[PDB]
Amino acid sequence: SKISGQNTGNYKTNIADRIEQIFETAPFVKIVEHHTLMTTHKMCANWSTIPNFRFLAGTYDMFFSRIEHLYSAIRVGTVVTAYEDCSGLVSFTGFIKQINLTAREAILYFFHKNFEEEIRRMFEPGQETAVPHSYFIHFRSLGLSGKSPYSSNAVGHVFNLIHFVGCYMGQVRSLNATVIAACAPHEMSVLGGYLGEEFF
RNA sequence: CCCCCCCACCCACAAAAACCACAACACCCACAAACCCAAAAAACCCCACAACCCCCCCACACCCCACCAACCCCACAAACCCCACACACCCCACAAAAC
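Residue numbers (the UniProt record's numbering): 151 to 350.
Below, the structure is given as C-alpha cells:
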C-alpha cells in the first residue's frame with residue numbers, strides 16, 4: 151500500500167513475488183497459491199492509511215526485531231514501519247557515516263541560516279534517538295506520534311544538502327531521492343557542490 | 001522503481017585440476033611408371049557469296065507551337081490568430097509520505 155507512485159508496476163509485482171515465495175515455503179505453508187497477494191493489494195491499496203492496521207504492523211516489527219523467531223520472515227511486510235517518516239534523520243546519520251565525520255563536525259559545514267531551525271528540530275532532547283530498540287524506531291506507526299519533525303520535509307534544507315552532496319559523490323540513493331522543492335534547492339545545490347568537492 | 005533477521009564471491013566434500021597421456025606415431029603427403037586437366041593430320045580473326053555498308057531519306061515539311069478572348073490552380077460582399085462566455089491557467093496539491 152505504501153509503495154504507490156508513477157512507474158512502479160513491475161517493481162510492485164517483483165516484491166510481491168518475493169513476498170509470496172517467502173510465505174509459500176517453509177517455515178510457512180502455501181495457503182493462497184499465487185497472484186492472490188497482488189489482487190488483494192489492488193482492492194487494498196490504501197490500507198496503509200488505516201490507523202489500526204499501521205499500529206499492528208509496527209507492533210509486529212518491534213517484536214520481531216528484538217526477538218529472533220522462526221517466522222521472523224514476517225518482518226518483510228513490516229520493515230517499512232521502522233524509522234517511518236524519519237528519512238531526514240536517517241539521511242543525516244548515513245551522511246555522517248559515508249562522509250566519515252563525527253556528526254558534530256558535519257553540522258559545522260552547514261553554512262546557512264536556514265539550517266538552524268532544522269538542526270534544532272531534529273536534535274530535540276528527551277526523544278530516544280539514542281536507544282537501540284526503543285519505541286522511537288516505530289513511533290510514527292504506533293500511536294505516540296504527530297507529524298514527524300524528522301521527515302524529509304521537516305528538515306528540508308538538511309535533506310537537500312545531504313543528497314546533493316550524495317549526488318556529487320554518485321550515491322544512487324541520493325540520485326533517486328525526491329528533492330524538497332520548497333527548501334531553497336538551488337542554494338542547497340551550490341553548498342552541496344562545494345562540500346562534495348571537498349569530500350569526493 | 002531501499003530494506004526479514006543472520007548475512008552477504010550466482011566460493012568451496014576428499015583428492016585434485018592442460019577439455020594432456022595405451023602403445024606405435026604424427027605433412028586433413030604418397031601405388032608404380034610417370035609426372036601441362038598439350039599434342040592425328042591440315043589448320044588457326046567465334047573474317048569473308050556478291051552488291052553493299054548511317055538500325056539515312058516519298059514529298060511538303062520540321063517548337064510532341066498556335067481558334068480566338070486570354071493568361072495567379074486571384075477575387076461576391078464583409079472579413080482575415082485554425083483568438084477569446086465567465087472564471088481562470090503546473091496535464092500541482094486529502095493526509096501521511098517521498099533509495
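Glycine included, each C-beta is placed from N, C-alpha and C at the ideal position.
So which of the options has the shortest CA-CA distance to residue i?
i: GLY296; options: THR158, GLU234, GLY346, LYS192; result: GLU234
i: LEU239; options: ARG225, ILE257, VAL182, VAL226; result: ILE257
i: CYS333; options: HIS307, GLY343, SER339; result: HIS307
i: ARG254; options: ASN164, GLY346, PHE273; result: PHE273
i: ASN264; options: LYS180, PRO335, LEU345; result: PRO335
i: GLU347; options: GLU174, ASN160, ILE249; result: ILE249
On the DSSP letters alone, give me the boundaries of the alpha helix (DSSP H) that residue i sits inside.
i: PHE245; result: 237 to 249
i: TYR318; result: 306 to 318
i: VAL226; result: 225 to 228
i: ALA207; result: 201 to 216
i: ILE257; result: 254 to 258
Would you identify the three-state DSSP class for residue i, choosing helix, strand or coil?
i: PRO299; result: coil
i: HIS336; result: helix
i: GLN171; result: helix
i: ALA176; result: coil
i: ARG270; result: helix
i: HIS184; result: coil
i: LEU294; result: coil
i: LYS263; result: coil
i: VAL281; result: coil
i: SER154; result: coil
i: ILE330; result: coil
i: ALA166; result: helix
i: residue 136; result: A question about residue 136 goes unanswered here, because the residues of the chain that appear run from 151 up to 350.
i: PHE289; result: coil
Taking 9 Å as the cut-off, decide whether the C-beta atoms of residue i and residue j are in contact.
i: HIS184; j: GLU170; result: yes
i: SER241; j: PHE289; result: no
i: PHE350; j: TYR318; result: yes
i: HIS283; j: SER222; result: no
i: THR231; j: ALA195; result: no
i: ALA327; j: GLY320; result: no
i: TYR285; j: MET212; result: yes
i: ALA166; j: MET193; result: no
i: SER298; j: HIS313; result: no
i: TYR210; j: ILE200; result: no
i: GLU337; j: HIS262; result: yes
Assuming residue i and residue j are in contact, meaning their beta carbons sit under 8 Å apart, how far apart are those beta carbons, in whole angstroms?
i: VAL305; j: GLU268; result: 4 Å
i: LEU311; j: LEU341; result: 6 Å
i: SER198; j: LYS162; result: Not a contact, Cβ separation roughly 13 Å.
i: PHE178; j: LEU292; result: Going by Cβ atoms, the distance from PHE178 to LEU292 rounds to 26 Å, so no, they are not a contact pair.
i: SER237; j: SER302; result: 4 Å
i: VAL226; j: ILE172; result: 6 Å
Got a sec: does the ligand SAM put a non-hydrogen atom nearer than 8 Å to the Cβ of residue i?
i: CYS194; result: Questions concerning the ligand SAM fall outside what the structure shown contains, since it holds no ligand whatsoever.
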